[PDB]
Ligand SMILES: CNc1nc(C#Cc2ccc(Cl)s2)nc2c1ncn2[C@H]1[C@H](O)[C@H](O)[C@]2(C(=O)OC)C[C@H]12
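Given next, in structure tokens, is a single chain: the form deposited without this ligand.
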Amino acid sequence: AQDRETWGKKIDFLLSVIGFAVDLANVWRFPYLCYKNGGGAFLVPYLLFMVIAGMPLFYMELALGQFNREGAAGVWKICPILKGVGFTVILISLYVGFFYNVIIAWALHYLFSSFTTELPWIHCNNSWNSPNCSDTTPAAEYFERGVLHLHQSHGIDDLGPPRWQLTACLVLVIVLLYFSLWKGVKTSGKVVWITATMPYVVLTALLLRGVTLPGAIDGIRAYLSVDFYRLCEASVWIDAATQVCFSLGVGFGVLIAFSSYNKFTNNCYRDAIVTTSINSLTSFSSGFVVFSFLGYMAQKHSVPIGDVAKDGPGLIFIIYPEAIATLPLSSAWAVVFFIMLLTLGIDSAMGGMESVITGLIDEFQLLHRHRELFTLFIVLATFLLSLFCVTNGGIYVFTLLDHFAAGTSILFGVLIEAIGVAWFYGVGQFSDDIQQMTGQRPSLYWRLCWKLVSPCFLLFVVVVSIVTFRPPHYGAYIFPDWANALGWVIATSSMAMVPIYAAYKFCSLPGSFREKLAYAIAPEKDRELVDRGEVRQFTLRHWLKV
């Protein structure tokens, strides 16, 4: 049995986790959400849900991965019946790889288009521009008709052939991903030294550029404006809970995979605290750049900052490029901005594909000795299934996947994972494992958060996400009913692995229905006890313990 590889340095693991957590959305979505829900007031619920349910779940995932020394699927030897959860998260990661890499392809396309003295999104005396342009705006028109070519597609049912420019950019992104992941963590941990730190350098450059622009200080003030009376709204609290759930990186199996390569005696508690703090602070600080630029644009157009900020995939390819085109040395700033976008997306894509590859390789030993070939297969499958999003109507497929690929699926996966780790396995045994690893047993606060607060919070978020579901849309396009049905099928194909694997495991285990249950819910480490008839999970005391 080949010894499992470990991170060459700890800075490798920390930067991998930070690069995965810090992505395009986290840098450009969170501050906009904060502004839209009371600005600084939105930090009250967010932090709260970070203290009681976010940090505990991050810590749980890291500790579980580190102790069990396996990926998302192999980690579930603590409760075999729930092992499908692993596959669920893996599937989600795989699904997110079929559309997320197209964002990096768009960023690469804009980067190659930025090496010119005349940026192609400053005016609309171009072949791709409709007569209606009047400074839809030139930047939005360029994005939609010169890069995506949406005007040539009538909807998700009229995708058309893949675009060769976008296909070439996707090929470049895919090659980068493969050569970043083919050798394991020994190369990924060194690639994150560049892809996880360049975004901060470019963000500092853009922050120093923006604050000096006219009208940027007004945008910053609007960002930091505190409206506590907005906290009486349930929408603010629901948005905070949803943002905490979807901004941490839990539910994809990536934290488990990353921590599975950590030394057993590593301190996952400090790692969780540090990484969560860095991710949250990065998301908060990116708001200063976002809203300096938004306030500058608002002053230029003489409109409220709320009107400038659009919502959608092209929020980073329409508004910020438009602001950059108006700066001195606009070409250099555009190149820097799109390099930052590439480095923000590439590390997250690497983290997701690492989750997929680690989980599947750990599950099946046939792929253990061949990681290069399996990485090539996974990457080529991602590329081939990513070709639907680079078609003429590729924004519609991208929107469908972005809405349904990791929505309620992530929340359900994290909920079932928390239940399995805190109830089926027990917070007592999890705490004993953490004490064995780090030497310090989790305090009562962590145990209570894992056992009671986190499951209730995740169940509430799942329920509100299902109840307040709104079908996806792009611009004036209304997705057809069959498109919504296909999206729900995609969302449920991840989550159905839990019941499917539960049924398969229950039927596979030999014995009566009391032997099957005992061997399915009891940890594999307790096998001897289960043989004598000493199942902890069969005692009410186990379930009521904290």
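Sequential numbering from 1, following the sequence displayed.
If you look for the form deposited with this ligand bound, you will not find it shown, but the lines that follow are about it.
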Ligand-site call, this ligand overlaid in the deposited complex, backbone or C-beta contacts under 2.4 Å, 3+ atoms
blocked
In the deposited complex, the residue from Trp76, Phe404, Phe398, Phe338 that sits within 4.5 Å of this ligand by heavy atoms
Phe398
Considering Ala325, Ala241, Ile319, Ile305, which brings a non-hydrogen atom within 4.5 Å of this ligand in the deposited complex?
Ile319
Only one of 470 to 478, 310 to 318, 295 to 303, 430 to 438 sits within 4.5 Å of this ligand in the deposited complex by heavy atom distance, namely 310 to 318
Heavy atom to heavy atom, is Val27 within 4.5 Å of this ligand in the deposited complex?
yes
Any chance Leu206 has a heavy atom within 4.5 Å of this ligand in the deposited complex?
yes
Just to confirm, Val289 within 4.5 Å of this ligand in the deposited complex by heavy atoms?
yes
Is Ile103 part of the interface with this ligand in the deposited complex - any heavy atom within 4.5 Å?
yes
